[PDB]
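In what follows, a structure is listed as structure tokens, so that the remarks can point back to it.
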Amino acid sequence: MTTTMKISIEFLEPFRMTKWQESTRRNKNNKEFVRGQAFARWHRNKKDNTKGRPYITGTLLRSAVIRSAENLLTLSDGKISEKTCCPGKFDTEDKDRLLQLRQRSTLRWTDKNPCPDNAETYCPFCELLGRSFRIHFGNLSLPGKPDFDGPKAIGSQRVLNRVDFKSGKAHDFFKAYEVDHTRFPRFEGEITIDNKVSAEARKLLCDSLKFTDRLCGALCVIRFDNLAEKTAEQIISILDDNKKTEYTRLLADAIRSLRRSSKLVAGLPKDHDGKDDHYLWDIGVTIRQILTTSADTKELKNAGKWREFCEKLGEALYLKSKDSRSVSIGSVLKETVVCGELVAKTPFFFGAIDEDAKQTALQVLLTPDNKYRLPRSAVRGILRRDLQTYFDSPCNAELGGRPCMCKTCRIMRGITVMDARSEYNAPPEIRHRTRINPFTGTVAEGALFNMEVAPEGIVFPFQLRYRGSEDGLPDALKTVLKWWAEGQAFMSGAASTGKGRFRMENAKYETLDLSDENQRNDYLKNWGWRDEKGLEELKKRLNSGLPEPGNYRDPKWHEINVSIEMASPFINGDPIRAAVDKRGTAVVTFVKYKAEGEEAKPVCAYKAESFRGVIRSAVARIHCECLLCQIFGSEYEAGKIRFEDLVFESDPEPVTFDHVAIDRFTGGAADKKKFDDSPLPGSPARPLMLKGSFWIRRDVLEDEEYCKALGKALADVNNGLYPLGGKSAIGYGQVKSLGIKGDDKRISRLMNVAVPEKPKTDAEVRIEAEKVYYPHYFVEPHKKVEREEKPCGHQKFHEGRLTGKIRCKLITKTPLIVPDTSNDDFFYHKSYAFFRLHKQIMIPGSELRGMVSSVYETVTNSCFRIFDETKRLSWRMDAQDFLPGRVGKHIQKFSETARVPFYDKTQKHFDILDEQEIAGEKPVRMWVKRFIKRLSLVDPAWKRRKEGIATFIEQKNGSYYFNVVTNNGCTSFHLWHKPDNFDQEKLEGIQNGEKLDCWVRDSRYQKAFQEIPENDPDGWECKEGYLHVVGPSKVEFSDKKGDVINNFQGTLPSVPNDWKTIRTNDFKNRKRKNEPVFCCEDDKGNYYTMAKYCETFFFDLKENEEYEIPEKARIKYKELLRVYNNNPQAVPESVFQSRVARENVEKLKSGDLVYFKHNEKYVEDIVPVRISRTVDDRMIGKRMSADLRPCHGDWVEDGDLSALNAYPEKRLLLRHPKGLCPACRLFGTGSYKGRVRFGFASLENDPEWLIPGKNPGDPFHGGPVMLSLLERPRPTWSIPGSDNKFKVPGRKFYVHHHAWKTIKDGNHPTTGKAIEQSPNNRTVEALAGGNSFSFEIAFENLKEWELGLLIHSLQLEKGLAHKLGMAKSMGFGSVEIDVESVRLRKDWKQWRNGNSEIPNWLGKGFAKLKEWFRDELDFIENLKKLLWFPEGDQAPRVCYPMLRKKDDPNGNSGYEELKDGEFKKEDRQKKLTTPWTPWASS
Amino acid sequence: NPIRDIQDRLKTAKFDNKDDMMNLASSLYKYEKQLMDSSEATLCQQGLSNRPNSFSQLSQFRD
RNA sequence: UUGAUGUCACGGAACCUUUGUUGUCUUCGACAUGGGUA
RNA sequence: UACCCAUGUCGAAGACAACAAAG
Ligand SMILES: [Zn+2]
Ligand SMILES: [Zn+2]
Ligand SMILES: [Zn+2]
Ligand SMILES: [Zn+2]
């Protein structure tokens, strides 16, 4: 007989579990099996299926109970109740059967020998052991014994590593499953006790059960009595159907960024003009409408459901985008409890990678309910590391063997920490990180990754218990806890980038003496206050504060505070946030989150990784066991410096700046290269403040060499050499001052002739008052572009290279327009103000960079940096080698054509043919007349001069119908003939049968009718053919009455909805009753005049003559259709548009009727209508020398080049063989950072305005001036045909003149009439002449001639000027640059003044130009003539010709008459490549 | 100059010979390695001469 | 779903290295349409 | 199958190229 007591284990922590192993693997030799003998176990229902459930063996619980009983007997001198206990027996002779042996010492209380191996009476400790089944521990299982699919249904596997104390890097790791106590808190089992067991043994068992506090790796209390996949597939299908796959990875991440809130869907960006045509969210139903109904779903109303939905969607889209001994410790035992909080003072990173989520490279550890976890293992490891730091002795222990006996291990064996989680469950933030190639200055290959970051401000509960024989906590533990209470708790990974610094707050402690019987019994009764109720009761009696260490050692890290002050804009790029932000920009600055309570506050910051990288680059150029490896760490050793995020002192609102790239040929915007950015505004008047701090190890701070290195690097940073952030080339991120505090001044100690005038130009341009000159000209480049194989590297300051600064002043010689494009309605008609940054008038560094680059690319003959190489040109034909045809591998040839009247009233064909016959799919049967006979009654007083007899029949309405026989009676025909003078006067009476000799002539009359006209029944064949209807498309629409529409009689009919009901109302020529015309009115479109009444009919089909269509003809046809369907000048009414434009024909199909020209074998050109467009065989980039095209450019050849995608050598197919041109070596290319930075240009004095402002009290705002239409540059004019004789003439430069005066008066610069306001013209705020701006250009590693030629490109000569801003064709924007300061860098400390050595540089520059271009420097003279500012009292007349002379009151010839006169295609390129060549003499 | 090496073995490559193709693959892999590990060889800012023929040979190699 | 006179696994920090960066003037004039007469 | 032209309207570009993790 026996009694069963039921036992329940409640876990207060996530416990640990092993993996199921084969029944043969369950042996002593298996390392993994024996490593996991202190964990929970997984039970498989069937061997080959993972379905199962967790359990805990009774052997583990028995071992824990035995250990607790040893402790309790040691605390009570081995006396349980009256009875005493022997030390027990732990020696077995046949050790091999035992799976495990005791490697720990056995607690000793009494010295007598163990109980006899066969004794009638046994001590209670032996009964608990089992020497006398007296006590049987059973297995513990979940209540009800449920089943789960696998171990992953209850927990997750985590990697737990072991690091080296000296290096700070891990060297091995192991894994285990972690199961949450929130989901599986309780296990149940039974203990069976025989009736013969003594009551003392029962009391010992109960005490050991209440004293057992840890099991399976956790604190325990023992008591005894499919939408996401569908949405993803829909979005993917919409992406592929619209040919927008490239955006998938941008859509994958942005939608993931939506996991924070479902409200963010309503705040998704719209397009410019505010419509739903975003290039991402309106690709489709639109993707925005997919994500809007997904947010209204009842299932996804909860935040957690929305978060899981967004994460699943992002992961799916990302995946698609990718595709023994006996020792006595004594009776003195005390337990110290320390309770408090660990608050994150920096974002923290506890690394844990989930292999079912691959979108993020680095991930943080979370609980199943998406809370942040402070794992027990990390706290224990950090405590061990800090104890080793205190003792200064590493622990050289190895896994296995007897317990280590160093002070660190002795303290750690008495330490218990509790796993913690937060009340904050918001999603972690994602940070982008890259690595920069030191030589080129751009990112390395593959160096782009993501990192999940937990926010700062998260509060973790903290509890630590130390059990030991000492009076209280050890001195080392007190010192470590003092360090933690001061914020020196570096607990997480990624410490070098300021992650995981915690502070311990609200610390309370209490020591309990377990050597006292009363206190020990109270501790046993309340289960040691481990559960929440007992923990609260214990916390009510916790003493505030912590013990003060007797022997305190100083912390090893010291805080150095950084103050950065920047006089320029700043951006830390975050493209993903810019895609879900309502601002609708291309990039926004970095923003992080701070956890306040359970909410998240966004703050703008400078990332710690970026600052670390910039500083590391700074130290590595003024100079593995290198100084850099011992200061900043390496892949082998952890670093000694930890940089943190820098936050701005006063919160700046982001501002949006617009940029566009200008074609070097057309002088206009390049295709698809209009963008914007959202930096943080900075300026000299109101700089940006960046406050932060980093941490440096003391041993580094007391080393002279490391401090000297850091001091020189930070001195160079303070001197502006190293900009912060992105886009420094355009003046962003200039550090004006950097200050370091808190280093005892060990690092901070190290941080500490007029200009020659311009030469006068020799350029002479003679202006005559009679002539009128063109607004722009072209500089024909030289035939040679010098390239170099290897550009200079950004890796060091090379010897013999000049590094420094240029301070310059820009002066306005004519009015300047630099617009502020944030507001389009400053004064629908668009109005703009002058560019300002914080109410300070400025010119962005991008404008000045482009303006100076345009001249530097010309001074040094270089590549055309910006060029639309892939543009294909088209020309309109004029009113013979275009033959009819029907498609389709080949097109057949038709022999002849005829006009079939369709929109007249003479026929009823629209009734008598079906839709397919009209469309041209089915052949038709129509009579064709080719010649019409017209007779004179008398000999003329005419080559045929046919003479024949005529018999009159009838006369009515003047006309005479009669039958005529001629050709000696061979040919007889009937006709009607109107009365003709000198011929019909002979016949005055109607005898009805009179004979008369007459002369019949033949006139060409190519017509075809389905039924023969009843008037003329003679001379018609019956040939088959195809009817080609394009529709009524020859229309001359206008907003004002002309001649035809004004001569209309009656009310003007409305434009009919159908294009088949059109019928001719009026005739242009009424005397001869020809030129039929249909006239109509429609609202603002006003007057439509259709002058086309005959469609075309192709007959005599010759099938044998079919001609091949190569892919060139098809791509040219596709271009023709694209330009037809995307025409801004198209007629408003679609009934007057051709079928290729009316129905949006996107490709040629079999059976379509066309006009083609061909060679002997292949077709050369295909058009859909009689008079159409012709496309060029080459793209425009083939019209210039290969040395002139961009060094790194586009594919102009006939190859896809997408087959070699996912292969790197493709980049070598877009790069020039010889390297980089001088401009690409200085300003940079996509793969190579430039060596020049242009800063913002601030205005020195008060502004001078072109137009006086409305308010006299405000002199910082100016009056508005309205400009004429600004229209696209046309390469068609410069390159007037497909002949090879026509090339790209060169770089376009606009001349300096004063045409802006007429526009300031309000008159058109050509007609002289008023500029009437329209929705397309613009109004601008402009500055006047005499304004001075000051700006700064920074250069590094420049050869002497580069400085000389850059100085020349800035200053040029006196009598020369630059062009900046808008409306350069209207005279605005002449400026001049004079260099005021050239500072040169010789040492990190010494900077010399370089105003003296300006001449030599210039000369050397010119010397280079001599060896490059020997006596052939003629492009320089042309550029000089174009840069030529007109002299005083010398005012040229410069304007654009009008369309026609009738539109120009001045009588100057328009574009049409100029096309065939002075500007004929033959001499157009020579007149437009010769600077200052007139087009009108007046 | 890895790119000059690739150019030479491209101009001398015959696709029938396995040895030439293996050598060309070795040159391409060497250039890839130079790109991966930041070095001075990343300052090779040039392309390939005879773009149509080089493209044809590279596409045949990838086929 | 463990065996028993022998389990320091609270015996082990997923740790160490990496700059969201390189390149780009908010710029600008001749074009669009297809027929008609003999 | 030869000639002949006729009409006067109208905005465009709105991001592109590269890197998407290595040791
Ligand atoms: Zn005993
Ligand atoms: Zn040790
Ligand atoms: Zn090193
Ligand atoms: Zn170039």
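Read top to bottom, the protein sequences are chains A and B. When you line the first sequence up against our numbering, it's residues 1 to 1482, in that order. When you line the second sequence up against our numbering, it's residues 1 to 63, in that order. For each residue, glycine too, the CB sits at the ideal point set by N, CA and C.
Measuring only between beta-carbons, confirm whether residue i sits less than 9 Å from chain B.
i	result
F439/A	yes
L1426/A	no
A295/A	no
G1234/A	no
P1190/A	no
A316/A	no
residue 1539/A	Outside the shown range of chain A, which is 1 to 1482, sits residue 1539/A, and nothing can be said about it.
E1209/A	yes
I'd like to know if residue i contacts chain A, where contact means its C-beta is closer than 9 Å to some C-beta of that chain.
i	result
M36/B	yes
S26/B	no
Run down chain B in chain order and give the residues with a C-beta less than 8 Å from the C-beta of residue i.
i	result
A1203/A	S59, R62
Please report how far the alpha carbon of residue i lies from the alpha carbon of residue j, in whole angstroms.
i	j	result
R402/A	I329/A	17 Å
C409/A	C395/A	8 Å
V852/A	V1055/A	54 Å
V1265/A	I841/A	18 Å
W1345/A	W1412/A	12 Å
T971/A	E947/A	11 Å
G534/A	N526/A	7 Å
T1473/A	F1463/A	12 Å
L1220/A	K345/A	49 Å
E456/A	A426/A	12 Å
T59/A	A252/A	51 Å
In chain A, which residues lie less than 7 Å from residue i when you measure between Cβ atoms?
i	result
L43/B	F439, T440, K790, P791, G793
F15/B	In chain order: nothing, as chain A lies at least about 16 Å away.
Chain B partners of residue i, CB-CB under 7 Å?
i	result
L1212/A	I3, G47, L48
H1216/A	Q46, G47
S1231/A	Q45
If the cut is a Cβ gap below 8 Å, which residues of chain A does residue i touch?
i	result
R51/B	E1197, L1213
By alpha-carbon positions, which one of the options ends up nearest to residue i?
i	options	result
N161/A	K152/A, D149/A, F174/A, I154/A	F174/A
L688/A	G584/A, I564/A, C792/A, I458/A	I564/A
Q45/B	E1431/A, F962/A, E789/A	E789/A
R384/A	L477/A, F350/A, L816/A	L477/A
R807/A	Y1124/A, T192/A, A1338/A, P14/A	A1338/A
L464/A	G500/A, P143/A, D513/A, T336/A	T336/A
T231/A	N195/A, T286/A, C220/A, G725/A	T286/A
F1335/A	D1378/A, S1369/A, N1307/A, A1361/A	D1378/A
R1070/A	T1051/A, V1044/A, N1057/A	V1044/A
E705/A	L250/A, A754/A, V619/A, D716/A	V619/A
So which residues of chain B does residue i contact, with C-beta pairs closer than 9 Å?
i	result
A38/A	Those do not exist, as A38/A stays about 44 Å from chain B at its closest Cβ, beyond 9 Å.
* **alpha helix (DSSP H) runs wholly inside the stretch 455-497 of chain A, at least 4 long, in chain order** => 475-485
* Unbroken beta strand (DSSP E) runs of length 3 or more, entirely within the stretch 1207-1271 of chain A: which are they? -> 1236-1238, 1241-1243, 1264-1266
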